[PDB]
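Colleague: I have a structure I would like to understand better, so I am pasting it below and will then ask my questions one at a time.
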Amino acid sequence: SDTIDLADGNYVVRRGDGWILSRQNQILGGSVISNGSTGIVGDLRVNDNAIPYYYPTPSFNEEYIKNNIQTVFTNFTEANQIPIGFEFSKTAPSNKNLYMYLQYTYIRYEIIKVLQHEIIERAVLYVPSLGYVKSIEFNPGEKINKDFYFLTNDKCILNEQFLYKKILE
Amino acid sequence: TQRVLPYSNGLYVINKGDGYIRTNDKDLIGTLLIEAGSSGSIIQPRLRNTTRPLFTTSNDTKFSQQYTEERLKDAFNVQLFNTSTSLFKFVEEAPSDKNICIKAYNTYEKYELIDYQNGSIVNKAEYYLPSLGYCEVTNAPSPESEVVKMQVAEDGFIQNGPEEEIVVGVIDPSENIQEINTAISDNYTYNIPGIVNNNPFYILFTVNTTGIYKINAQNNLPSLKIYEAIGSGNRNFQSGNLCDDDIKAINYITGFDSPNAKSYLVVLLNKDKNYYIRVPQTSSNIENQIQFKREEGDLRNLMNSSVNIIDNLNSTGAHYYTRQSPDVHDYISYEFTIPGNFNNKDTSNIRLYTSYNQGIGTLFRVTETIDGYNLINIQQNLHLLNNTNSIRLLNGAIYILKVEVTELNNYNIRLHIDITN
């Protein structure tokens, strides 16, 4: 639930790497390879595609979240100004068709207010990190599950973390 | 001989799949002839703030390219610039024996923006977002075999990617959004402000405790619609208060577009989710309120559906009522009062049936007690489509028929209440 074993106060939290956002699965397109061909897809995280997403709360506005997160954790305002590229490479089996689509992954940061061992307020920051592809073998006309294309709620493809530090007054 | 679309009135964005290419090789990147034992690759690199997409529209003034891009951003948060920074590359090594050919095509992702109103598409726009290509590999075509004369296949598109149709409703941008800053307890009354001034609008709100809620306007007028914000509540949270993620993508839950039908909504709402309530155009300056009441009684046996309030059931004979038919496995409710004086012994023979859409119906006797409304089942598994069966009901009593549509043959559902005796 929303109950945590922490003393009262404000905390900065790193939830880990590999967070993909809802409805943002095929925002970048995909490749269709077949019959032994190798498909390679890559991207470059610079500025406008490295925009961090803020979700503030009345206690924790943008400046608060940014300053706290950058003080304790990776400094993203200067890091996202440095272009980082990445690539994926899949190889389709013989006489079969494979579709691969790529989406951005993010770092999840949280600013939480804890009172009586329960979180009463939480603000969320997403910092662009890298990408991730999902691939499926398909035939012409085959129905494809809705879960492959569409993500309903933000989830972490990796192990979620909880790296917390108490915010000093 | 098309399909019936049970979409509520509004704006919808449809992801029709990936891997679309134009006919007559208009998107042909090219063909590489790799010798035996060698390797080959086709690379399609892209620049910054480039990559022209493909856009057509039925009404440029309303569905302009800027408008379509903003709606696409509302639905899936796509931006053309995102496709600019991408690269794709196809690598193929030919075997030792024979040569190999590889053909590369630039692909597109097909998005469609539709203005759905009363069972038809009044405005349609097609957007094609540059995708990450399509590659097909063949054995080396031995020159020459023959050359066979063929004709062009005219303008059109060919999808090489998997089948896909993801439909997402989006908030109408022209309609205002008012926020309820406080989470909803067991009871609340929203007074519609004069700022919007009779124009249809949305109410964004959340719920304190998960449960089944009755939402209605004054005298159940006008009919209200409810949507759920997709992916809401996973982000920034505050206990007992509303946190707007500015999510425009919505899922239609229930509601009637017809502003004159007396109706109230019974819906299961989640404290970890955000919801919108669309109230339509009101043609008067007369005040109105939205009432929110958490239900703990038998009314929870109506979720999730709009209950339609029938007033013209005051005589024997033929009566039928037309509403926007819900989708398959989606519910619609009717609350009606048999004509005559209620003396607990006078009965009238009632026939309930639908005209085109088949649905399974369950009717309830309603006896309002001092604890609230009490719903008593008196029949189950009623097949409404051309139902010839009749049941005797008490004159002056109140009944609620909940219908689950099991076959959609018409955009509208017609419930007939025939009264003899």
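As shown in the structure tokens, the chain order sets the letters A, B, ...; within each chain, residues go from 1, and ligands are also counted from 1 in the order they appear.
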Can you list, as a list in words, every protein, DNA or RNA residue that comes within 7 Å of stretch 85-94 of chain A when you count only C-alpha atoms, leaving out same-chain residues fewer than 3 positions away?
Modeller: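 Close residues of stretch 85-94 of chain A: residues 33, 34, 35, 36, 37, 38, 39, 40, 41, 42, 43, 44, 45, 97 and 98 of chain A.
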Colleague: With 7 Å as the limit and counting only C-alpha atoms, what residues in chain A lie close to chain B? Please list them as a PyMOL selection string.
Modeller: chain A and resi 22-24+27-35+37-44+49+55-57+99+120-124+138+140-144+152-154
Colleague: What is the distance between atom CA of residue B:118 and atom CA of residue B:412, in Å to one decimal?
Modeller: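 Rounded to one decimal, the two atoms are 9.1 Å apart.
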Colleague: List the spatial neighbours of stretch 363-373 of chain B as a ChimeraX atom specification - criterion: any atom at most 9 Å away, only C-alpha atoms, same-chain residues fewer than 6 positions off excluded.
Modeller: /B:297-299,379-380,382,397-403
Colleague: Would you kindly return, as a VMD selection string, each protein, DNA or RNA residue with an atom no farther than 9 Å from any atom of residue A:159, considering only C-alpha atoms and excluding same-chain residues fewer than 4 positions away?
Modeller: chain A and resid 15 to 18
Colleague: Using N, CA and C atoms, can you export the residues from the last selection as a compact mmCIF listing (two decimals), in the first residue's frame?
Modeller:
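The resulting out_9.txt:
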# COMPACT_ATOMS: atom_id res chain seq x y z
N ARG A 15 13.88 5.27 -8.04
CA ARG A 15 13.14 4.03 -8.23
C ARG A 15 13.79 3.08 -9.23
N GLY A 16 14.85 3.50 -9.91
CA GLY A 16 15.61 2.63 -10.78
C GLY A 16 15.55 3.06 -12.23
N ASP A 17 16.04 2.18 -13.09
CA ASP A 17 16.13 2.43 -14.52
C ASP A 17 15.18 1.50 -15.27
N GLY A 18 14.80 1.93 -16.47
CA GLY A 18 13.97 1.12 -17.35
C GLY A 18 12.48 1.37 -17.21
Colleague: Please provide the set of residues having any atom within 12 Å of residue B:385, restricted to only C-alpha atoms, with same-chain residues fewer than 5 positions apart removed, written as a PyMOL selection string.
Modeller: chain B and resi 351-361+403-409+413-416
Colleague: Which of stretch 30-254 of chain B end up as helix (DSSP H, G or I) when DSSP is run on this backbone - answer as a PyMOL selection string?
Modeller: chain B and resi 65-75+80-84+218-220
Colleague: Selection from above, C-alpha atoms, as a short mmCIF file (atom, residue, chain, number, x, y, z; two decimals), in the first residue's frame, can you write it?
Modeller:
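Output contents, as saved in selection.cif:
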data_model
loop_
_atom_site.label_atom_id
_atom_site.label_comp_id
_atom_site.auth_asym_id
_atom_site.auth_seq_id
_atom_site.Cartn_x
_atom_site.Cartn_y
_atom_site.Cartn_z
CA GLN B 65 -2.20 19.27 -39.67
CA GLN B 66 -1.45 21.25 -36.50
CA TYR B 67 -4.78 20.11 -35.02
CA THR B 68 -4.10 16.48 -35.96
CA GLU B 69 -0.59 16.64 -34.48
CA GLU B 70 -1.97 18.05 -31.22
CA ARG B 71 -4.63 15.32 -31.05
CA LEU B 72 -2.00 12.66 -31.73
CA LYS B 73 0.06 14.15 -28.89
CA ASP B 74 -3.05 13.94 -26.71
CA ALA B 75 -3.58 10.26 -27.55
CA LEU B 80 7.16 14.46 -35.60
CA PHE B 81 10.56 15.54 -34.24
CA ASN B 82 10.82 12.23 -32.37
CA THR B 83 10.97 10.32 -35.66
CA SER B 84 13.76 12.67 -36.78
CA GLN B 218 -30.80 18.07 -11.09
CA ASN B 219 -33.92 16.09 -12.05
CA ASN B 220 -31.42 13.83 -13.86
#
Colleague: Which residues are near residue B:251? Cut-off 7 Å, only C-alpha atoms, ignore same chain within fewer than 2 positions. Put them as a PyMOL selection string.
Modeller: chain B and resi 168-169+227-230+253
Colleague: Which neighbours of residue A:125 fall inside 10 Å, counting only C-alpha atoms, when residues of the same chain fewer than 4 positions from it are skipped, and could you give them as a PyMOL selection string?
Modeller: (chain A and resi 14+52-56+62+65-66+69+106-111) or (chain B and resi 235-236)
Colleague: When you count only C-alpha atoms, which of these residues is closest to residue A:96: A:118, A:61, A:147, A:139?
Modeller: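 That would be A:139, the residue with the smallest distance to residue A:96.
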Colleague: Among stretch 60-165 of chain A, which ones does DSSP assign to strand (DSSP E or B) (computed from the backbone)? Answer as a PyMOL selection string.
Modeller: chain A and resi 84-91+97-115+118-138+155-156+163-165
Colleague: Go ahead and save the residues from that selection, with C-alpha atoms, as a PDB file, in the first residue's frame.
Modeller:
ATOM      1  CA  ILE A  84      24.214   9.505 -26.055  1.00  0.00           C
ATOM      2  CA  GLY A  85      23.363   6.992 -28.763  1.00  0.00           C
ATOM      3  CA  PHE A  86      22.121   3.410 -28.591  1.00  0.00           C
ATOM      4  CA  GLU A  87      21.276   0.529 -30.924  1.00  0.00           C
ATOM      5  CA  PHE A  88      19.422  -2.792 -30.985  1.00  0.00           C
ATOM      6  CA  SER A  89      19.887  -5.661 -33.442  1.00  0.00           C
ATOM      7  CA  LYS A  90      17.459  -8.535 -34.035  1.00  0.00           C
ATOM      8  CA  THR A  91      17.694 -11.417 -36.512  1.00  0.00           C
ATOM      9  CA  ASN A  97       8.278 -12.208 -40.313  1.00  0.00           C
ATOM     10  CA  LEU A  98       9.371 -10.231 -37.249  1.00  0.00           C
ATOM     11  CA  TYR A  99       8.237  -6.771 -36.122  1.00  0.00           C
ATOM     12  CA  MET A 100      10.243  -4.762 -33.585  1.00  0.00           C
ATOM     13  CA  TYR A 101       9.218  -1.424 -32.071  1.00  0.00           C
ATOM     14  CA  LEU A 102      11.280   0.933 -29.924  1.00  0.00           C
ATOM     15  CA  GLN A 103      10.298   3.223 -27.044  1.00  0.00           C
ATOM     16  CA  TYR A 104      12.067   5.553 -24.629  1.00  0.00           C
ATOM     17  CA  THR A 105      13.010   4.393 -21.132  1.00  0.00           C
ATOM     18  CA  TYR A 106      13.249   6.729 -18.157  1.00  0.00           C
ATOM     19  CA  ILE A 107      14.607   7.135 -14.641  1.00  0.00           C
ATOM     20  CA  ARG A 108      11.865   7.492 -12.031  1.00  0.00           C
ATOM     21  CA  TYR A 109      12.483   9.871  -9.129  1.00  0.00           C
ATOM     22  CA  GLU A 110      10.043  10.514  -6.296  1.00  0.00           C
ATOM     23  CA  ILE A 111       9.727  13.237  -3.668  1.00  0.00           C
ATOM     24  CA  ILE A 112       7.639  11.814  -0.823  1.00  0.00           C
ATOM     25  CA  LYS A 113       6.201  13.281   2.378  1.00  0.00           C
ATOM     26  CA  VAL A 114       5.958  10.618   5.101  1.00  0.00           C
ATOM     27  CA  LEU A 115       3.726  11.013   8.162  1.00  0.00           C
ATOM     28  CA  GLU A 118       2.385   6.434   5.509  1.00  0.00           C
ATOM     29  CA  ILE A 119       3.031   8.485   2.378  1.00  0.00           C
ATOM     30  CA  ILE A 120       0.543  11.361   2.192  1.00  0.00           C
ATOM     31  CA  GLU A 121       2.044  13.153  -0.829  1.00  0.00           C
ATOM     32  CA  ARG A 122       4.317  12.123  -3.698  1.00  0.00           C
ATOM     33  CA  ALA A 123       5.714  13.986  -6.712  1.00  0.00           C
ATOM     34  CA  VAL A 124       7.210  12.150  -9.687  1.00  0.00           C
ATOM     35  CA  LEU A 125      10.042  13.030 -12.087  1.00  0.00           C
ATOM     36  CA  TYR A 126      10.951  11.153 -15.278  1.00  0.00           C
ATOM     37  CA  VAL A 127      14.474  11.657 -16.650  1.00  0.00           C
ATOM     38  CA  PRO A 128      15.160  10.248 -20.151  1.00  0.00           C
ATOM     39  CA  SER A 129      17.790   7.503 -20.033  1.00  0.00           C
ATOM     40  CA  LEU A 130      17.768   5.162 -23.067  1.00  0.00           C
ATOM     41  CA  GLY A 131      15.427   3.025 -25.183  1.00  0.00           C
ATOM     42  CA  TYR A 132      13.976  -0.475 -25.327  1.00  0.00           C
ATOM     43  CA  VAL A 133      12.500  -2.599 -28.117  1.00  0.00           C
ATOM     44  CA  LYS A 134       9.838  -5.298 -28.153  1.00  0.00           C
ATOM     45  CA  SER A 135       9.707  -7.839 -30.979  1.00  0.00           C
ATOM     46  CA  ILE A 136       7.138 -10.369 -32.178  1.00  0.00           C
ATOM     47  CA  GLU A 137       6.974 -13.007 -34.905  1.00  0.00           C
ATOM     48  CA  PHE A 138       3.811 -12.576 -36.965  1.00  0.00           C
ATOM     49  CA  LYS A 155       5.825   0.252 -15.546  1.00  0.00           C
ATOM     50  CA  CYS A 156       9.484  -0.669 -15.119  1.00  0.00           C
ATOM     51  CA  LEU A 163      16.997   4.509  -2.887  1.00  0.00           C
ATOM     52  CA  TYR A 164      15.907   7.082  -0.316  1.00  0.00           C
ATOM     53  CA  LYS A 165      17.509  10.017   1.469  1.00  0.00           C
TER      54      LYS A 165
END
Colleague: Go through A:51, A:169, A:157, A:2 one by one, measure the shortest atom-to-atom distance of each to residue A:80 using only C-alpha atoms, and give the residue with the smallest value.
Modeller: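 For residue A:80, the nearest of the candidates is A:51.
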